[PDB]
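Colleague:
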Amino acid sequence: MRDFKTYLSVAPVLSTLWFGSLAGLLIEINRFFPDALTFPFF
Amino acid sequence: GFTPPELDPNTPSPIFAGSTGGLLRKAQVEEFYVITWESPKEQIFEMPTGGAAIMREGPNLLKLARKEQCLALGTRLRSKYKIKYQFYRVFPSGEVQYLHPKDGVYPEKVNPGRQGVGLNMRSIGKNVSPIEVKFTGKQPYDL
Amino acid sequence: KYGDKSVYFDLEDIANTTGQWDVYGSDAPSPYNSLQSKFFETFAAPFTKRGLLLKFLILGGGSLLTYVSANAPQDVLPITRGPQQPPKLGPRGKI
Amino acid sequence: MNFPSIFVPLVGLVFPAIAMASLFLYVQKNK
Amino acid sequence: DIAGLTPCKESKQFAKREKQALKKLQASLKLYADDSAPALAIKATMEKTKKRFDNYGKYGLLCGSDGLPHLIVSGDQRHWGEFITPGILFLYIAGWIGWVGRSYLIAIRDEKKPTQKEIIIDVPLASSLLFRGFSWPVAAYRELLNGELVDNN
Amino acid sequence: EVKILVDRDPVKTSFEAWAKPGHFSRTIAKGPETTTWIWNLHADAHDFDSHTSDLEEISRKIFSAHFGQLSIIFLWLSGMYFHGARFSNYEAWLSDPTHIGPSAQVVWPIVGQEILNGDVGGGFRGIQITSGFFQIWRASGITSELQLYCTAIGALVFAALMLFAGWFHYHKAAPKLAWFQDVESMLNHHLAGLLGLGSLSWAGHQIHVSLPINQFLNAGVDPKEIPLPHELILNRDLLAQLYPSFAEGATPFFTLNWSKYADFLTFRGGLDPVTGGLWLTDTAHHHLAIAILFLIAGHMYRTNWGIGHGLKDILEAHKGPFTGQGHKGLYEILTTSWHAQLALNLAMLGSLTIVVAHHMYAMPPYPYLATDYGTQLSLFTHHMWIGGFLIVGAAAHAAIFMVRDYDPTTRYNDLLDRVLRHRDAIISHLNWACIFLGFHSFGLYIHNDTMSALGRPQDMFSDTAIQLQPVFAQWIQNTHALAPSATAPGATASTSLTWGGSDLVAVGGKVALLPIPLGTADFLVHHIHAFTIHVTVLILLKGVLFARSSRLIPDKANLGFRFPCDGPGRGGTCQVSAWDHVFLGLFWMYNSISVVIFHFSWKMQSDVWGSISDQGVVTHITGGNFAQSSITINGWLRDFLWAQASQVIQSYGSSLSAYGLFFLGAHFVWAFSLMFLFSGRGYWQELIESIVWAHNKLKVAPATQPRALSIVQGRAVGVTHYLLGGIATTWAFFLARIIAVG
Amino acid sequence: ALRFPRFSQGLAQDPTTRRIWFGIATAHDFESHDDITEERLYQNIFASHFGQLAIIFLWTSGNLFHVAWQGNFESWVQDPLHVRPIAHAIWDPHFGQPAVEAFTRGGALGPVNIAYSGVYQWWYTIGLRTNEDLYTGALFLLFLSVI
Ligand code: CLA
Ligand code: CLA
Ligand code: CLA
Ligand code: CLA
Ligand code: CLA
Ligand code: CLA
């Protein structure tokens, strides 16, 4: 299990997980707040 | 006092069937190299000019066009078959120059009696700038 | 020597060692007729001198090319004759 | 007199022939 | 009306562009029955387009003569949300990422084989240092003041 | 002697080697000291010959990698069948194939990309596909989405089985070396059990399933009312109504009264007028005959029983006066070198793919395939590219054999030695052939361009000018047009409609195939093709022959197969390796295939594809301008590139806008490749020095020291991005042009 | 040196063809030549500058002469618009007849090239109005080149 967790900590697997989570977050943000050209909250 | 071994023209050649990578006009108007070795067993080797030849038992003589070919073949013989080799340079005038072991000992290992040519008693970064050698034939590395 | 078996290097014989051979040159005598040879010898003598032949070739070629180009008939080359057509206007009115 | 018909062959054909002939003879010299 | 630009909510060309978009979407919509899934998708796209145009009009954007909104980055307070506020947010996030990466590189600098901690990321230390970039401006300012940001070699 | 030689549990299944990167070799498992190591870790990953010197482990790794590749292929096939079951309009396309565009992919409604869901027809919005899976499924008798779902599930199960087999045959029960070297039994099983039995089973499927379902479909019967394929198996009378010979059973086969089967086994030829494809009875008889031929061709080589042939004896029996000892010693070379087998199989598979593309364009074997212009163009272009890549890889691995696995002390072949002895003559003669072909093929185009630009159209090499007519190809076309008359009296029609005659097949107002005319333009393009192929052959064969030694570097084999150079000496020894010869030949293969696909696209758009009017006239897409415009480079630039790029540059705002974006991105990537192709490592390393100083100033420099890409890696990146951009450009341009107008 | 190039002994004895190349791209780099001093380098630079001035003047004189001899400057002065300038005449033996048709522009009697260098407007603005002025200017520039 330690070796498998070490494999999960290697550069491509960790990069894939991180970038997939980031892409999912950005896609969900773009669904819930679509067509954002300005920052109108202030 | 090592004396260079004389070339034996009557040395038999390896059994080869002919290749297009051999000698050319440069062998006639200019020099060509000749490598001689002593095979203890009739075996088969790979020519540096492409293809494979069959060396015969005893002394063997091979004429090639470049010194690099002679040295590559000699390195192959020494590493793979463990054969002592010497190659010469032959001019169209018939002159023979004994080339490779200049003192009978291989250049990789140290041997007394060799003189230093191209020796600079400084580090490489202590070379003189080109502006200080301008308008003179001397190069910074030659000083 | 060079001609013995399994040996191809001779110090006293370099031309055979280095392959200095006439592969297709033949020492056979002249097959042409003697009168033919004499006629071609006396009728091609002025072209023997190579520098004179070079100068003569350059001068004759230049002179003949200039003479042909300058005095060519007008109906041979389309550039020698003019347009023989009315010129057309530009896409903004000749400007 | 039609001057292009004389000078255009001279500059495009005769002069280049003379120039490359002279340069080929000068380059291949062994002084 | 900065730089001769009409506001997008008072621009005829903006409404014209919305009209062309809605007309093209209706022309695509006419090929299917209204109770079908492609018709519902097209209707959702039209509603999204209407909401987008209304939001662009109400956001205060200045529309050019071609009917498209033009951003002003000169610093005008009416248009601070086009460049300056998103720019500050981006600078904060980028400083977060850079500070976290620099902290991770500093932490694994004095090891036996630091390169092994670069091909294989040590996740607990990285997750410990992830939230240290939340206060990255304060930490960076103090490190610059104490002369720890730069290395004098 | 040919037994199952398998050792049990050779490799322990564990994640320890997963945790250590680069475990396979020694110089890499020590850990990264620079960034270059990372690239090396992706360069020697599948080079099993360098990891170990034992052939057994290499062969086992090869076998399990093949299993993993088969699992990936089965997974991909399951995905295509699933995306044809769900998210597709296959059932709608079955009713109206001539007006509904095939589609099997739908995009999600995010960031405005839902514009890519185009109105393909059949009450469906999605991306139009050009892989021609719908035509395969119609030719297979599939009339429902449940069948596609079942096929997807079965392919998923088969992918899992392939993955389990790959794990099993390496980690649990691995074959021995003598198991792999039993080439005779392998050939027997792959000719009789793989190809022969596979062809027999597919012929059985076509006879029992595809023929009645397709007969019902072409009879106008609604697809949902067609009887299920198993109903035609349990009820023999249902199949007997369409084909009465089925009432006789298999007794005509067993009594050699095969002529009774002349209702579903016909040598008809031509195309089906209803569907525009080959007759399915013709395909059934073809696969039956192929199965018989392969099954009797698979009992040739010797095995445990004394009957059969020995490959070694067959090779040793062929030797001539010119070749000396002949093919003796080739068996030991081919049975102990995986790279030689890879070279041979890659060359054969690339040539097979090329001939596959030509024969699919010339004979569409699926219903409503010829009238789908996008499918035809995509299939031809794709298989052309695949064949070219495999042919290049053939020489790429022949060079590896010559560098690594070649030695004359043991495993000596006389033919290879005699080839290597006169390699200068071969290379010089091929060089002269390339120069002569280039001059007399492209200088003709230059001559035509100059004559047209000078206002001398009578001096060009045109049909209305000096004519270079392909008399040989026209004679071949004429001979094959009259083949049913004398040479093949048992065939009703010719083997294709691309030879001649008054025949013409049109389905749904679109032309399927026409007799293709051959003129001066085709002559020039074909000789351009020959020139490009000969130059690519020259580069690849020169690399293969001089991969070991030459007059410049007599010890090039000691430097390796893949090395950058030998320094700036001898005037410069840049790109002397055979890997660089492959890298150069990649561009020329790209050029050749690009010219081939441009020729195909323009010729079929101008002289074959088009529309049929109700009166009877035919109007083509480009109006038949190939004969007069393609003879000049300006014609290719204007009437082919400029004219047909209007469908890809004006695709913005519509469903084809992804093709315009890919057009621009492919142009960008092709330009980006020139940075790697034109530059050198030293400048980038010196710039990286300054960037490293900037990072070190702020204590942010990494322990892995940044290094510029190596010379070979720089060339590889350049050629990879070059091929990717220059191929995706043609992909987007072809797809947008042939979908918008076809 | 005994062989071309004579300014480089290292290139002269080269048995390959690169010598022929390398004697061209090193001809004007005096600082890398053989047996050169500072004053000789400066004098060579001075002489090459004089030569370059001569070619510049000769090129300008050729432009003026060809505009005067084959152009339409006099007819362009009267109508600066609706008249295309003519740089020089075209005499191509390889020309076809439609090439002669299409290239006959302006008031010319044969094929001509339309000047796009703007020399017509520049000469018209600064006072030149007739072809004899262009001939005199070409003669003066030729004299300057000789000087
Ligand atoms: C710049 C100068 C130049 C000039 C003046 C010409 C001139 C001409 N071209 Mg061209 N040509 C050029 C450059 C030039 N070329 C280049 C660079 C190329 C290579 C792309 C070509 C390729 C080319 C081809 C392939 C052909 C021509 C031909 C033609 C002829 C046009 C029609 C005609 O007159 O036929 C009438 C022709 C003749 C009566 C020939 C007269 C030549 C005289 C009598 C020969 C004696 C002297 C001769 C010039 C050589 C010696 C001089 C010097 C070397 C010492 C004409 C001679 C045609 C040709 O000449 O073939 C018939 C033709 O087929 N040219
Ligand atoms: C008649 C039976 C037979 C069959 C069908 C095959 C078929 C195949 N072999 Mg060959 N092979 C055989 C006998 C057979 N072999 C023998 C006796 C030997 C030893 C001398 C070899 C040695 C051999 C090697 C060394 C390799 C192959 C490979 C392959 C595959 C390449 C072709 C391809 O992928 O097409 C696609 C074909 C199919 C998917 C159609 C269905 C075939 C099914 C799935 C295969 C089941 C066949 C198997 C032999 C029997 C089951 C065993 C049982 C314990 C379960 C293919 C699955 C190559 C490979 O890809 O390996 C993974 C490979 O590396 N074969
Ligand atoms: C010049 C004549 C010649 C030609 C044209 C070919 C051409 C062909 N041969 Mg080869 N072959 C030759 C001589 C020739 N061979 C000789 C003299 C031998 C005896 C050593 C072989 C041995 C041989 C075998 C044993 C096989 C081929 C196969 C094939 C075809 C490969 C199929 C492919 O593309 O992959 C597409 C996919 C597959 C079907 C192939 C799967 C991969 C195979 C099984 C791996 C090759 C392994 C091989 C035994 C190497 C082991 C090394 C060992 C010593 C350690 C290809 C068309 C294969 C074939 O019969 O296919 C029907 C095959 O099984 N060849
Ligand atoms: C048919 C199967 C096949 C097989 C099994 C092999 C087998 C092998 N090849 Mg050969 N080869 C083939 C076909 C094949 N080749 C073809 C068709 C070509 C022509 C291009 C070559 C050309 C070739 C070269 C030039 C070299 C080899 C070498 C090798 C060895 C190591 C491979 C490596 O480590 O890469 C591991 C994997 C990678 C490096 C992947 C690279 C990524 C590729 C280039 C990108 C593909 C782009 C993709 C479609 C775009 C998507 C975008 C992206 C964002 C995802 C191995 C023996 C190498 C060798 O033996 O070294 C001594 C080597 O030098 N091969
Ligand atoms: C696009 C322009 C281009 C051109 C014209 C060439 C030209 C050529 N390539 Mg190169 N090449 C190119 C791009 C190009 N390459 C690129 C991008 C690469 C990177 C991969 C290479 C890499 C490369 C390789 C690896 C090889 C070549 C080879 C060849 C030669 C074979 C063709 C032949 O000799 O036919 C005859 C000549 C031509 C078609 C060139 C145009 C000549 C026209 C038809 C006539 C010109 C008129 C006449 C000479 C009058 C002159 C006028 C006068 C004033 C001088 C030829 C010199 C092959 C070779 O060496 O084989 C012999 C070879 O192996 N090339
Ligand atoms: C007052 C007298 C005098 C004059 C007239 C000159 C003039 C000249 N000298 Mg100098 N010189 C002098 C004194 C003088 N010198 C003295 C006393 C010494 C010794 C200390 C030198 C030492 C010297 C050396 C060593 C050299 C020169 C050089 C030159 C020439 C420079 C090249 C050129 O033509 O520039 C042309 C430039 C202009 C007329 C003005 C500058 C142009 C500006 C930047 C552009 C803006 C102008 C305008 C927009 C133009 C419009 C263009 C039109 C088409 C519309 C020029 C002829 C070089 C030489 O002689 O070459 C042969 C050189 O090598 N000189």
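Residue numbers (UniProt numbering), protein chains in the order written: chain A, 1 to 42; chain B, 70 to 212; chain C, 50 to 144; chain D, 1 to 31; chain E, 78 to 230; chain F, 9 to 750; chain G, 2 to 148. In this text, a Cβ means the ideal position worked out from N, Cα and C, and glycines have one as well.
For residue 186 of chain E, count the other beta carbons within 10 Å of its own beta carbon; 16 or more makes it buried, fewer makes it exposed. Which is it?
Modeller: For the purposes of this step, residue 186 of chain E is identified with residue 109 of the fifth sequence, where counting begins at 1. It is exposed - the Cβ of residue 186 of chain E has fewer than 16 other Cβ atoms within 10 Å.
Colleague: Just the Cα atoms here: how many angstroms apart are residue 466 of chain F and residue 544 of chain F?
Modeller: As a working note, residue 466 of chain F is residue 458 in the sixth sequence. As a working note, residue 544 of chain F is residue 536 in the sixth sequence. Taking the straight line from one Cα to the other gives about 34 Å.
Colleague: Could you check whether residue 63 of chain F and residue 151 of chain F sit closer than 9 Å to each other, using their CB atoms as the reference points?
Modeller: Taking the first residue of the sixth sequence as position 1, residue 151 of chain F is located at position 143. Taking the first residue of the sixth sequence as position 1, residue 63 of chain F is located at position 55. Not in contact: residue 151 of chain F and residue 63 of chain F (Cβ atoms no closer than 9 Å).
Colleague: When we look at the beta-carbon of residue 169 of chain E and count the other beta-carbons within 10 Å, is it buried (16 or more) or exposed?
Modeller: The count along the fifth sequence starts at 1 and reaches residue 169 of chain E at position 92. Exposed, since its Cβ has fewer than 16 Cβ neighbours within 10 Å.
Colleague: Indicate whether at least one CB of chain B lies closer than 9 Å to the CB of residue 562 of chain F.
Modeller: Along the sixth sequence, one-based indexing puts residue 562 of chain F at 554. Yes, because at least one Cβ of chain B sits closer than 9 Å to the Cβ of residue 562 of chain F.
Colleague: Could you run through the segment 57-70 of chain C and flag, in chain order, every residue whose CB is less than 8 Å away from some CB of chain B?
Modeller: Going along the segment 57-70 of chain C in chain order, one finds 57, 58, 59, 60, 61, 63, 64, 66, 67, 68, 69 with a Cβ nearer than 8 Å to chain B.
Colleague: At a cut-off of 8 Å, is residue 101 of chain G close to ligand 1 when judged by its beta-carbon and the heavy atoms of the ligand?
Modeller: On the seventh sequence, position 100 is the one that residue 101 of chain G refers to. Residue 101 of chain G Cβ: outside cutoff for every heavy atom of ligand 1.
Colleague: Taking beta-carbon pairs under 9 Å, can you tell me which members of the segment 163-189 of chain E lie near chain F?
Modeller: Within the segment 163-189 of chain E, the qualifying residues are 175, 178, 179, 182, 183, 185, 186, 188.
Colleague: If the cut is a Cβ gap below 7 Å, which residues of chain B does residue 55 of chain C touch?
Modeller: Along the third sequence, read from residue 1 onward, the residue named residue 55 of chain C stands at position 6. Near residue 55 of chain C (Cβ distances below 7 Å), the residues of chain B are 81, 82.
Colleague: Flag residue 13 of chain G as yes when its Cβ comes closer than 8 Å to any non-hydrogen atom of ligand 4, and as no otherwise.
Modeller: Here residue 13 of chain G refers to the residue found at position 12 of the seventh sequence. Not under cutoff, so the answer is no.
Colleague: May I ask you to list, following chain order, the residues of the segment 687-713 of chain F that have a beta carbon less than 7 Å from some beta carbon of chain E?
Modeller: Taking 7 Å as the Cβ-Cβ cut-off against chain E, the residues of the segment 687-713 of chain F that qualify are 704, 705, 706, 707, 708, 710, 711, 712.
Colleague: Check the Cβ of residue 37 of chain D against every Cβ in chain G and list those closer than 9 Å, keeping chain order.
Modeller: Residue 37 of chain D cannot be examined here, being either before or after the span of chain D that is shown, 1 to 31.
Colleague: Leaving out five residues on either side along the sequence, give the residues of the same chain with a beta carbon under 7 Å from the beta carbon of residue 127 of chain F.
Modeller: Residue numbering aside, residue 127 of chain F sits at position 119 when the sixth sequence is read from its first letter. Within the same chain, residue 127 of chain F has close Cβ partners 133.
Colleague: What separation, rounded to the nearest whole angstrom, lies between the Cα atoms of residue 75 of chain G and residue 668 of chain F?
Modeller: Position 74 of the seventh sequence, counted from the first residue, corresponds to residue 75 of chain G. Position 660 of the sixth sequence, counted from the first residue, corresponds to residue 668 of chain F. The straight-line gap from Cα to Cα measures roughly 52 Å.
Colleague: Which of helix, strand or coil does DSSP assign to residue 108 of chain B?
Modeller: Translated into the one-based positions of the second sequence, residue 108 of chain B becomes position 39. Of the three classes helix, strand and coil, the one that applies to residue 108 of chain B here is strand, per DSSP.
Colleague: Is residue 592 of chain F a contact residue of ligand 5, with contact defined as CB to any heavy atom under 8 Å?
Modeller: Residue mapping note: residue 592 of chain F aligns to position 584 of the sixth sequence, counting from 1. True, at least one ligand heavy atom lies under 8 Å from that Cβ.
Colleague: Does any residue of chain F bring its CB to less than 9 Å from the CB of residue 97 of chain G?
Modeller: Looking up residue 97 of chain G in the seventh sequence gives position 96. Yes, contact with chain F.
Colleague: Measure the alpha-carbon distance for residue 72 of chain G versus residue 54 of chain G and round it to whole angstroms.
Modeller: As a position in the seventh sequence, residue 72 of chain G is number 71, starting the count at 1. As a position in the seventh sequence, residue 54 of chain G is number 53, starting the count at 1. Approximately 26 Å, taken between the alpha carbons.
Colleague: Comparing the CB of residue 543 of chain F with every heavy atom of ligand 5, is any distance shorter than 8 Å?
Modeller: Position 535 of the sixth sequence, counting from 1, holds the residue named residue 543 of chain F. Flag set: Cβ of residue 543 of chain F near ligand 5.
Colleague: How big is the Cα-Cα spacing for residue 144 of chain B and residue 175 of chain B?
Modeller: Counting from one through the second sequence, the residue named residue 144 of chain B turns up at place 75. Counting from one through the second sequence, the residue named residue 175 of chain B turns up at place 106. For residue 144 of chain B and residue 175 of chain B, the distance between alpha carbons rounds to 11 Å.
Colleague: List the residues of chain A that residue 124 of chain E touches, going by C-beta distances under 7 Å, in chain order.
Modeller: One-based indexing of the fifth sequence puts residue 124 of chain E at position 47. By Cβ distance, chain A contributes nothing, its closest Cβ being about 11 Å from residue 124 of chain E, past 7 Å.
Colleague: Taking the CB atoms as reference points, tell me whether residue 505 of chain F and residue 285 of chain F lie closer together than 9 Å.
Modeller: In the sixth sequence, the residue the question calls residue 505 of chain F occupies position 497. In the sixth sequence, the residue the question calls residue 285 of chain F occupies position 277. No, the Cβ-Cβ distance between residue 505 of chain F and residue 285 of chain F is not below 9 Å.
Colleague: For residue 325 of chain F and residue 337 of chain F, what's the separation of their Cα atoms in angstroms?
Modeller: Against the sixth sequence, residue 325 of chain F aligns to sequence position 317. Against the sixth sequence, residue 337 of chain F aligns to sequence position 329. Straight-line Cα distance between these residues: approximately 11 Å.
Colleague: Identify which residue in F:166, F:701, F:565, F:345 has its Cα closest to the Cα of residue 61 of chain F.
Modeller: Locating residue 61 of chain F in the sixth sequence gives position 53, counting from the first residue. The candidate whose alpha carbon is nearest that of residue 61 of chain F is F:345.
Colleague: Below 8 Å on the Cβ atoms is my contact criterion, and I expect residue 99 of chain E with residue 119 of chain E to pass it. Report the Cβ-Cβ distance as a whole number of Å.
Modeller: Start at 1 with the first residue of the fifth sequence, and residue 99 of chain E comes out as number 22. Start at 1 with the first residue of the fifth sequence, and residue 119 of chain E comes out as number 42. Going by Cβ atoms, the distance from residue 99 of chain E to residue 119 of chain E rounds to 11 Å, so no, they are not a contact pair.
Colleague: Does the Cβ of residue 218 of chain E have 16 or more other Cβ atoms within 10 Å, making it buried, or fewer, making it exposed?
Modeller: Numbered from 1 along the fifth sequence, position 141 holds the residue referred to as residue 218 of chain E. Exposed, since its Cβ has fewer than 16 Cβ neighbours within 10 Å.
Colleague: Does the segment 418-426 of chain F touch the segment 603-610 of chain F, meaning 3 or more C-beta pairs lie closer than 8 Å?
Modeller: Result no; under three Cβ-Cβ pairs closer than 8 Å.
Colleague: Using a Cβ-based criterion (distance less than 8 Å to any ligand heavy atom), does residue 442 of chain F qualify as near ligand 5?
Modeller: The residue you call residue 442 of chain F lines up with position 434 of the sixth sequence. Correct: residue 442 of chain F has its Cβ closer than 8 Å to ligand 5.
Colleague: Only counting the same chain, and skipping five residues up and downstream in sequence, which positions put a Cβ closer than 6 Å to that of residue 438 of chain F?
Modeller: The sequence position of residue 438 of chain F within the sixth sequence is 430, counting from 1. Once the five neighbours on either side are set aside, the close Cβ partners of residue 438 of chain F are 546.
Colleague: Classify residue 145 of chain C: buried if its beta carbon has 16 or more other beta carbons within 10 angstroms, exposed otherwise.
Modeller: Since the first residue of chain C shown is 50 and the last is 144, residue 145 of chain C is not available in this structure.
Colleague: Along the alpha helix (DSSP H) that carries residue 168 of chain F, what are the first and last residues, could you check?
Modeller: Within the sixth sequence, residue 168 of chain F is the residue found at index 160, counting from 1. Start and end: 153-175.
Colleague: Quick one: complete alpha helix (DSSP H) runs, 4+ long, within the segment 60-132 of chain G?
Modeller: Runs of the alpha helix (DSSP H) inside the segment 60-132 of chain G: 74-79, 98-103, 120-126.
Colleague: How many angstroms separate the CA atom of residue 12 of chain G from the CA atom of residue 29 of chain D?
Modeller: Translated into the one-based positions of the seventh sequence, residue 12 of chain G becomes position 11. Translated into the one-based positions of the fourth sequence, residue 29 of chain D becomes position 29. So the two alpha carbons sit approximately 14 Å from each other.
Colleague: Quick one: list the residues of chain D neighbouring residue 5 of chain G, beta-carbon separation under 8 Å, in chain order.
Modeller: By 1-based counting over the seventh sequence, the position of residue 5 of chain G is 4. Within chain D, the residues near residue 5 of chain G are 26, 27, 29.
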